[PDB]
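Engineer: Just one file: target_31.txt, with compact mmCIF, C-alpha atoms.
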```txt
# COMPACT_ATOMS: atom_id res chain seq x y z
CA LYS A 288 94.02 130.67 84.83
CA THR A 289 97.44 129.05 85.01
CA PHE A 290 99.19 126.21 86.75
CA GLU A 291 100.97 128.70 89.06
CA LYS A 292 97.55 130.10 90.05
CA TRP A 293 96.12 126.66 90.87
CA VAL A 294 99.25 125.95 92.95
CA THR A 295 98.80 129.14 95.02
CA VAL A 296 95.21 128.19 95.97
CA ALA A 297 96.25 124.61 96.59
CA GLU A 298 98.89 125.81 99.05
CA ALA A 299 96.46 128.07 100.92
CA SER A 300 93.94 125.26 101.32
CA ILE A 301 96.64 122.86 102.58
CA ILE A 302 97.61 125.46 105.19
CA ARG A 303 93.95 126.08 106.13
CA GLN A 304 93.72 122.39 107.07
CA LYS A 305 96.57 122.83 109.60
CA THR A 306 94.19 124.36 112.17
CA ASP A 307 93.48 122.12 115.16
CA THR A 308 96.37 119.86 114.17
CA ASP A 309 98.01 119.56 117.60
CA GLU A 310 94.67 119.11 119.36
CA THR A 311 93.75 116.33 116.90
CA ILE A 312 97.03 114.44 117.31
CA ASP A 313 96.53 114.45 121.08
CA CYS A 314 92.97 113.09 120.83
CA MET A 315 94.26 110.35 118.56
CA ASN A 316 97.27 109.64 120.77
CA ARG A 317 94.92 109.20 123.75
CA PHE A 318 92.65 107.01 121.60
CA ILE A 319 95.34 104.54 120.57
CA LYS A 320 96.89 104.44 124.04
CA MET A 321 93.58 103.51 125.66
CA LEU A 322 92.71 101.06 122.89
CA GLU A 323 96.03 99.27 123.24
CA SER A 324 95.56 99.15 127.01
CA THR A 325 92.08 97.69 126.60
CA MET A 326 93.28 95.16 124.02
CA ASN A 327 96.12 93.97 126.23
CA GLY A 328 93.56 93.10 128.90
CA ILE A 329 91.58 90.88 126.53
CA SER A 330 94.07 89.30 124.15
CA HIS A 331 95.64 86.06 125.23
CA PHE A 332 98.96 87.37 123.83
CA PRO A 333 100.54 90.76 124.57
CA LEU A 334 100.49 93.35 121.75
CA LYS A 335 102.37 96.53 120.79
CA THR A 336 101.41 99.30 118.38
CA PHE A 337 102.95 101.44 115.69
CA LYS A 338 101.42 104.77 114.60
CA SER A 339 101.70 106.27 111.12
CA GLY A 340 99.90 108.44 108.58
CA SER A 341 100.21 111.96 107.34
CA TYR A 342 99.61 113.57 110.75
CA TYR A 343 102.59 111.69 112.16
CA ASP A 344 105.06 112.24 109.30
CA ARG A 345 103.93 115.87 108.93
CA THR A 346 102.58 115.74 105.36
CA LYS A 347 98.97 116.33 106.32
CA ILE A 348 96.95 118.15 103.64
CA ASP A 349 93.44 117.84 105.10
CA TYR A 350 91.96 117.48 108.57
CA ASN A 351 90.42 114.11 107.62
CA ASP A 352 93.70 112.49 106.53
CA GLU A 353 93.59 109.08 108.08
CA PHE A 354 95.35 107.58 111.11
CA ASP A 355 96.92 104.11 110.76
CA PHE A 356 97.62 102.03 113.87
CA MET A 357 99.31 98.64 113.50
CA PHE A 358 98.86 96.04 116.25
CA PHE A 359 101.43 93.30 116.47
CA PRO A 360 102.20 90.45 118.90
CA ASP A 361 105.04 91.19 121.27
CA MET A 362 107.05 88.08 120.45
CA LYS A 363 109.85 87.06 118.13
CA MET A 364 108.77 86.00 114.65
CA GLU A 365 110.52 85.39 111.33
CA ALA A 366 109.75 86.19 107.70
CA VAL A 367 110.41 83.78 104.82
CA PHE A 368 110.73 84.86 101.20
CA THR A 369 111.41 81.71 99.15
CA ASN A 370 108.87 81.10 96.37
CA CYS A 371 107.16 84.34 97.20
CA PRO A 372 106.16 87.01 94.66
CA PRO A 373 108.03 90.31 95.01
CA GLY A 374 106.77 92.38 97.92
CA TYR A 375 105.21 89.42 99.79
CA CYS A 376 106.39 86.94 102.41
CA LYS A 377 105.36 84.11 104.72
CA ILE A 378 105.49 84.20 108.52
CA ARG A 379 106.69 81.54 111.02
CA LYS A 380 107.63 81.41 114.68
CA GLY A 381 111.09 82.70 115.53
CA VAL A 382 113.12 81.75 118.58
CA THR A 383 110.35 81.92 121.17
CA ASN A 384 108.86 79.49 123.65
CA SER A 385 105.46 81.11 123.23
CA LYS A 386 102.62 78.93 121.96
CA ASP A 387 100.26 81.94 121.80
CA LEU A 388 100.16 81.93 118.01
CA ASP A 389 100.13 78.12 117.62
CA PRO A 390 96.36 77.97 116.93
CA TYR A 391 96.94 80.23 113.86
CA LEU A 392 99.69 78.05 112.31
CA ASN A 393 99.09 75.62 109.48
CA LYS A 394 100.44 72.05 109.44
CA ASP A 395 103.84 73.27 108.19
CA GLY A 396 104.24 76.03 110.79
CA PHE A 397 103.25 79.11 108.74
CA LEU A 398 101.12 81.81 110.31
CA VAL A 399 97.90 81.79 108.27
CA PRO A 400 96.67 85.33 107.41
CA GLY A 401 92.95 84.58 107.35
CA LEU A 402 93.16 82.84 110.75
CA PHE A 403 95.17 85.63 112.38
CA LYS A 404 93.07 88.35 110.72
CA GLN A 405 89.83 86.87 112.00
CA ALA A 406 91.26 86.59 115.52
CA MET A 407 92.61 90.17 115.46
CA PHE A 408 89.43 91.64 113.95
CA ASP A 409 87.41 89.79 116.59
CA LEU A 410 89.68 91.28 119.25
CA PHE A 411 89.31 94.80 117.76
CA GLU A 412 85.53 94.56 117.82
CA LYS A 413 85.49 93.26 121.42
CA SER A 414 87.87 96.02 122.58
CA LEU A 415 85.98 98.85 120.87
CA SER A 416 82.79 97.60 122.56
CA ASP A 417 84.48 96.98 125.91
CA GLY A 418 83.51 99.00 128.97
CA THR A 419 87.08 99.95 129.85
CA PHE A 420 87.31 101.90 126.55
CA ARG A 421 84.78 104.72 126.90
CA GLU A 422 85.85 106.21 123.60
CA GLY A 423 84.73 103.15 121.59
CA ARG A 424 81.14 104.40 121.95
CA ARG A 425 82.17 107.22 119.58
CA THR A 426 83.48 104.71 117.02
CA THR A 427 81.63 102.88 114.29
CA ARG A 428 82.82 100.54 111.60
CA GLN A 429 83.30 101.86 108.05
CA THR A 430 83.42 99.86 104.83
CA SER A 431 86.89 98.86 103.58
CA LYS A 432 88.00 97.33 100.28
CA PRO A 433 87.93 93.52 99.88
CA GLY A 434 91.05 91.80 101.19
CA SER A 435 92.18 94.99 102.96
CA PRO A 436 94.68 94.71 105.78
CA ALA A 437 92.64 97.23 107.81
CA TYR A 438 89.74 97.21 110.24
CA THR A 439 88.43 100.70 109.38
CA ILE A 440 86.31 102.77 111.77
CA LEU A 441 85.00 106.33 111.93
CA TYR A 442 85.95 108.04 115.20
CA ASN A 443 83.53 110.86 115.94
CA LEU A 444 85.26 113.47 118.09
CA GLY A 445 82.03 115.47 118.05
CA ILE A 446 83.66 118.56 116.51
CA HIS A 447 80.88 120.48 114.79
CA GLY A 448 81.74 121.24 111.17
CA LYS A 449 84.16 118.29 111.05
CA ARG A 450 83.31 114.77 110.03
CA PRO A 451 84.60 111.81 112.03
CA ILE A 452 88.25 110.77 111.87
CA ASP A 453 89.13 107.85 109.58
CA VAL A 454 91.07 105.27 111.61
CA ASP A 455 92.66 102.08 110.22
CA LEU A 456 93.36 99.31 112.73
CA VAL A 457 95.92 97.03 111.05
CA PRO A 458 96.89 93.65 112.49
CA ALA A 459 100.55 93.07 111.76
CA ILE A 460 103.66 91.06 112.53
CA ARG A 461 106.81 92.98 113.43
CA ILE A 462 110.09 91.59 112.08
CA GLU A 463 113.18 93.17 113.62
CA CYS A 464 115.60 93.21 110.70
CA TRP A 465 115.59 94.30 107.02
CA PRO A 466 113.93 91.96 104.48
CA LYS A 467 116.39 89.79 102.57
CA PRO A 468 114.96 90.75 99.13
CA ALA A 469 114.89 94.49 99.95
CA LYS A 470 117.41 96.96 98.52
CA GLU A 471 120.00 98.27 100.97
CA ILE A 472 118.76 101.86 100.68
CA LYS A 473 121.23 104.69 101.28
CA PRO A 474 119.40 107.95 100.54
CA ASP A 475 121.75 110.92 100.51
CA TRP A 476 119.01 113.34 101.62
CA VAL A 477 118.63 112.02 105.20
CA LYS A 478 121.33 111.51 107.78
CA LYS A 479 123.05 108.16 108.22
CA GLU A 480 121.40 107.70 111.61
CA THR A 481 117.94 108.26 110.15
CA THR A 482 118.47 105.51 107.56
CA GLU A 483 119.70 103.35 110.45
CA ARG A 484 116.45 103.86 112.34
CA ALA A 485 114.39 103.43 109.19
CA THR A 486 115.83 99.99 108.42
CA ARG A 487 115.63 98.66 112.00
CA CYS A 488 112.45 96.66 111.30
CA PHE A 489 109.55 96.05 108.98
CA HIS A 490 106.03 94.74 109.38
CA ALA A 491 103.96 92.14 107.56
CA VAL A 492 100.28 92.75 107.04
CA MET A 493 97.40 90.68 105.72
CA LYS A 494 96.65 92.34 102.45
CA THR A 495 95.59 89.43 100.28
CA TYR A 496 97.80 88.71 97.26
CA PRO A 497 95.36 89.36 94.38
CA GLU A 498 96.67 86.78 91.86
CA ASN A 499 96.73 82.99 91.53
CA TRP A 500 99.63 81.48 93.40
CA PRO A 501 100.19 78.10 95.08
CA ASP A 502 99.77 78.56 98.83
CA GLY A 503 98.87 82.19 98.07
CA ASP A 504 96.57 82.11 101.09
CA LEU A 505 99.79 82.00 103.18
CA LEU A 506 101.25 85.18 101.68
CA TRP A 507 101.68 88.36 103.74
CA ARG A 508 102.46 91.80 102.35
CA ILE A 509 105.86 93.22 103.27
CA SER A 510 105.08 96.62 104.81
CA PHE A 511 107.67 99.41 104.96
CA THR A 512 105.34 101.73 106.90
CA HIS A 513 108.00 102.21 109.60
CA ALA A 514 110.79 103.10 107.14
CA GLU A 515 108.46 105.24 105.05
CA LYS A 516 107.49 107.15 108.19
CA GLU A 517 111.10 107.72 109.19
CA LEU A 518 112.19 109.03 105.76
CA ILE A 519 109.18 111.25 105.00
CA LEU A 520 109.05 112.77 108.50
CA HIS A 521 112.73 113.67 108.29
CA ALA A 522 112.85 114.58 104.56
CA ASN A 523 113.84 118.25 105.26
CA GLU A 524 116.57 117.07 107.64
CA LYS A 525 119.56 118.04 105.51
CA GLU A 526 118.67 120.75 103.01
CA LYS A 527 115.43 122.23 104.40
CA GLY A 528 113.88 122.92 101.04
CA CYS A 529 110.62 122.09 99.29
CA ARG A 530 110.94 118.28 99.31
CA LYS A 531 107.92 117.76 101.59
CA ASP A 532 106.09 120.70 99.96
CA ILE A 533 106.24 118.91 96.60
CA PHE A 534 104.95 115.70 98.15
CA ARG A 535 102.10 117.55 99.87
CA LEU A 536 101.13 119.30 96.62
CA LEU A 537 101.25 116.00 94.69
CA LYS A 538 98.88 114.46 97.25
CA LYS A 539 96.55 117.45 96.85
CA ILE A 540 96.73 117.01 93.06
CA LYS A 541 95.67 113.38 93.51
CA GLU A 542 92.79 114.28 95.84
CA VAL A 543 91.39 116.86 93.40
CA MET A 544 91.90 114.51 90.47
CA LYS A 545 89.84 111.85 92.24
CA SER A 546 87.19 114.45 92.95
CA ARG A 547 87.14 115.31 89.23
CA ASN A 548 86.77 111.61 88.23
CA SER A 549 84.42 110.08 90.77
CA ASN A 550 84.67 106.34 90.20
CA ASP A 551 87.31 106.22 87.45
CA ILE A 552 90.33 106.61 89.74
CA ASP A 553 89.69 103.89 92.30
CA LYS A 554 93.19 102.36 92.44
CA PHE A 555 95.68 105.21 92.31
CA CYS A 556 96.41 106.27 95.91
CA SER A 557 98.86 108.15 98.12
CA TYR A 558 101.03 105.08 98.65
CA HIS A 559 101.84 105.07 94.93
CA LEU A 560 102.73 108.76 95.15
CA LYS A 561 104.96 108.05 98.12
CA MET A 562 106.95 105.40 96.20
CA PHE A 563 107.20 107.78 93.24
CA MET A 564 108.25 110.61 95.56
CA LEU A 565 111.02 108.67 97.31
CA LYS A 566 112.54 107.79 93.95
CA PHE A 567 112.29 111.46 92.88
CA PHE A 568 114.13 112.41 96.09
CA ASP A 569 117.03 110.21 95.02
CA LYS A 570 117.10 111.32 91.39
CA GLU A 571 116.83 115.05 92.15
CA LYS A 572 119.71 116.44 94.17
CA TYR A 573 118.59 120.02 94.77
CA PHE A 574 115.39 121.31 96.32
CA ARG A 575 115.85 125.01 97.02
CA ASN A 576 112.64 126.69 98.18
CA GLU A 577 112.81 128.96 95.12
CA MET A 578 112.71 125.88 92.84
CA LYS A 579 109.40 124.68 94.30
CA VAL A 580 107.01 125.23 91.40
CA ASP A 581 109.44 124.08 88.70
CA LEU A 582 110.39 120.89 90.56
CA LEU A 583 106.68 120.21 91.07
CA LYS A 584 106.28 120.59 87.31
CA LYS A 585 109.07 118.10 86.64
CA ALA A 586 107.60 115.72 89.24
CA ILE A 587 104.15 115.82 87.62
CA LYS A 588 105.74 115.12 84.23
CA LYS A 589 107.78 112.11 85.38
CA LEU A 590 104.76 110.81 87.30
CA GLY A 591 102.52 110.99 84.24
CA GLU A 592 105.22 109.23 82.23
CA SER A 593 105.58 106.51 84.92
CA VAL A 594 101.84 105.92 85.06
CA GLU A 595 101.64 105.75 81.27
CA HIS A 596 104.53 103.32 81.18
CA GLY A 597 102.66 101.47 83.92
CA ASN A 598 105.48 100.95 86.45
CA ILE A 599 106.26 102.74 89.70
CA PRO A 600 108.89 100.83 91.72
CA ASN A 601 108.55 100.07 95.37
CA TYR A 602 111.41 102.21 96.72
CA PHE A 603 112.60 99.38 99.02
CA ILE A 604 112.04 96.49 96.55
CA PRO A 605 112.43 97.90 93.03
CA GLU A 606 111.11 94.77 91.32
CA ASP A 607 107.75 95.28 93.08
CA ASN A 608 105.63 97.40 90.71
CA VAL A 609 103.17 99.06 93.06
CA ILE A 610 100.81 100.18 90.26
CA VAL A 611 100.61 96.79 88.50
CA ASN A 612 96.92 96.64 89.53
CA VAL A 613 96.10 100.07 88.09
CA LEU A 614 94.41 99.29 84.80
CA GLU A 615 95.06 100.97 81.49
CA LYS A 616 91.86 103.03 81.36
CA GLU A 617 92.72 104.59 84.72
CA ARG A 618 96.40 105.08 83.93
CA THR A 619 95.45 106.73 80.65
CA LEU A 620 93.00 109.00 82.46
CA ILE A 621 95.58 109.97 85.08
CA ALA A 622 98.22 111.02 82.54
CA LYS A 623 95.68 113.01 80.51
CA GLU A 624 94.52 114.74 83.69
CA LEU A 625 98.09 115.62 84.70
CA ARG A 626 98.70 117.05 81.23
CA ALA A 627 95.58 119.20 81.64
CA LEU A 628 96.66 120.49 85.06
CA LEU A 629 100.05 121.72 83.76
CA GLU A 630 98.24 123.52 80.88
CA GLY A 631 95.95 125.50 83.22
CA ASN A 632 92.65 123.77 82.38
CA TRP A 633 91.64 122.78 85.95
```
Represent the supplied structure as structure tokens.

Structural biologist:
Amino acid sequence: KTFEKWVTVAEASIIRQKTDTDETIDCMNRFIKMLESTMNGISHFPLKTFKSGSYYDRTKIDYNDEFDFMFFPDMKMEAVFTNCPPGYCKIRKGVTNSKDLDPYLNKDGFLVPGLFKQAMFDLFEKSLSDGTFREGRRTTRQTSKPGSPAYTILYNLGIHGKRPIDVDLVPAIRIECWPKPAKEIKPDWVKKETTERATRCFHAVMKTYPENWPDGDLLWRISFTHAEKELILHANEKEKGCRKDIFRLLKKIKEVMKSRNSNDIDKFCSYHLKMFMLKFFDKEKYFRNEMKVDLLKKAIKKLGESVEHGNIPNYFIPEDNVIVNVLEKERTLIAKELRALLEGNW
């Protein structure tokens, strides 16, 4: 047994999962289109959606990779960043004569996450039960983590041999600029126009800030889901090498590592890998297909070192440490497990 050997099997299994990919994306495209149409007949304010996840940015490693749909009011809003911890913001009304969100504003005019969450979750539940959405009968609510931005369901397509699709419904606010505290990214590995599209907007979602903070109940998480989607989807745009292959293999490594350590890796997730990966894409200039396995080795090594050091920067806001909440016991276990993979002991 070697690392190279484990990599070969990992690649074959990733490819095996690619069967029924196009058929699945069309079921899920129909799903979200009908759900949005049902929701816009119930909500007292119009909504739009944004679709993301590994099926849409083409880094899918398993049929059951999840689908993320954000739902956001179709009106102008504004994000504020003063007195906010890195990676978080507050939300207020922009230039808009709409009073549709007024009942979710506190005395000072801030959109209150827990009030807007409860209204959006109530809307989701009503829409998935509604009679104009025949697919909602195939849906059922799944447990999510406390404070999660997502209403998580299982969508049973009825495919024998395949478990239901994991779907996150994420209430969100769309802000149509780049966040003031965010780095002006200029990756050299996508075209200038792709970076232009990636930085067109961001979204704010109601992940609860986990630490003590005055008015912390007013904090929203800055979400770069749109920009992340643009850059990952188009990562082979210029060189056409193994950039997305290395990302896919790192996600597989994480999935197997979690399966090797049932409840001891509950915080490390693909989002942390994505932030790590984007920074690796900047540091590493060359990604020839023939370099694949060696660059994966160097990526595993820098990742282990990052996790041990305990800091992986948010690619768009470098002072946001996205693994701050990953505790030492888990970080120590991750690095030890990455060392054992490289040495052929998996």

Engineer: For each of A:604, A:564, A:519, A:452, take the minimum atom-to-atom distance to residue 467 in chain A, counting all atoms listed in the file, then give the residue where this is smallest.

Structural biologist: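 Selected residue with least distance to residue 467 in chain A: A:604.
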
Engineer: Can you tell me which residues surround residue 428 in chain A at a distance of at most 9 Å, considering only C-alpha atoms, apart from same-chain residues fewer than 4 positions away, and format the answer as a PyMOL selection string?

Structural biologist: chain A and resi 438-442

Engineer: Between A:491, A:299, A:444, A:505, which one has atoms that come closest to residue 397 in chain A, using only C-alpha atoms?

Structural biologist: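 The answer is A:505, which sits nearest to residue 397 in chain A.
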
Engineer: Grab the CA of residue 348 in chain A to CA of residue 605 in chain A distance for me, in Å with one decimal place.

Structural biologist: 27.6 Å

Engineer: Please provide as number ranges by chain all residues within 9 Å of residue 601 in chain A, with the sequence filter that same-chain residues fewer than 2 positions apart are discarded (counting only C-alpha atoms).

Structural biologist: A: 374, 559, 562-563, 566, 599, 603-609

Engineer: Please provide as a ChimeraX atom specification all residues within 9 Å of residue 423 in chain A, with the sequence filter that same-chain residues fewer than 3 positions apart are discarded (counting only C-alpha atoms).

Structural biologist: /A:318,322,414-418,420,426-427,442

Engineer: Just how far from CA of residue 390 in chain A is CA of residue 411 in chain A, in Å to one decimal?

Structural biologist: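 That distance, rounded to one decimal, is 18.3 Å.
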
Engineer: Given all atoms listed in the file, how would the per-residue table for range 343-437 of chain A near range 533-538 of chain A read, listing every residue at most 12 Å away with its closest atom pair and distance in Å to one decimal, sorted by chain and number, as a Markdown table?

Structural biologist:
```
| residue | atom | partner | partner_atom | distance |
| --- | --- | --- | --- | --- |
| A:344 | CA | A:535 | CA | 11.2 |
| A:345 | CA | A:535 | CA | 9.4 |
| A:346 | CA | A:535 | CA | 5.8 |
| A:347 | CA | A:535 | CA | 7.3 |
| A:348 | CA | A:535 | CA | 6.4 |
| A:349 | CA | A:535 | CA | 10.1 |
| A:352 | CA | A:538 | CA | 10.8 |
```

Engineer: Between CA of residue 612 in chain A and CA of residue 554 in chain A, what is the distance in Å, rounded to a tenth?

Structural biologist: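 Between these atoms lies a distance of 7.4 Å.
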
Engineer: Would you kindly return, as a list in words, each protein, DNA or RNA residue with an atom no farther than 9 Å from any atom of residue 408 in chain A, considering only C-alpha atoms and excluding same-chain residues fewer than 3 positions away?

Structural biologist: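 Neighbouring residues, sequence-local ones excluded: residues 403, 404, 405, 411, 412, 413, 437, 438, 456, 457 and 458 of chain A.
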
Engineer: Can you pull out the residues contacting residue 366 in chain A? Cut-off 8 Å, using only C-alpha atoms, and skip same-chain residues under 6 positions away; I want them as a PyMOL selection string.

Structural biologist: chain A and resi 376-379+462+466

Engineer: Out of A:617, A:433, A:587, A:380, which residue has the shortest atom-to-atom distance to residue 496 in chain A when counting all atoms listed in the file?

Structural biologist: A:433

Engineer: Nearest to residue 482 in chain A: which of A:595, A:355, A:524, A:409 is it, counting all atoms listed in the file?

Structural biologist: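 Using all atoms listed in the file, residue 482 in chain A sits closest to A:524.
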
Engineer: Give the answer as one residue: which of A:298, A:613, A:541, A:529 has the shortest atom-to-atom distance to residue 582 in chain A, using only C-alpha atoms?

Structural biologist: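 Between A:298, A:613, A:541, A:529, the residue approaching residue 582 in chain A most closely is A:529.
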
Engineer: Go through A:369, A:304, A:324, A:510 and flag the residue nearest residue 342 in chain A, using only C-alpha atoms for the distances.

Structural biologist: A:304

Engineer: Put the listed atoms of range 310-324 of chain A in a box along x, y and z with 6 Å added on every side and give me the centre and edge lengths in Å to one decimal, as AutoDock Vina command-line options.

Structural biologist:
```
--center_x 95.0 --center_y 109.1 --center_z 122.0 --size_x 16.6 --size_y 32.0 --size_z 22.1
```
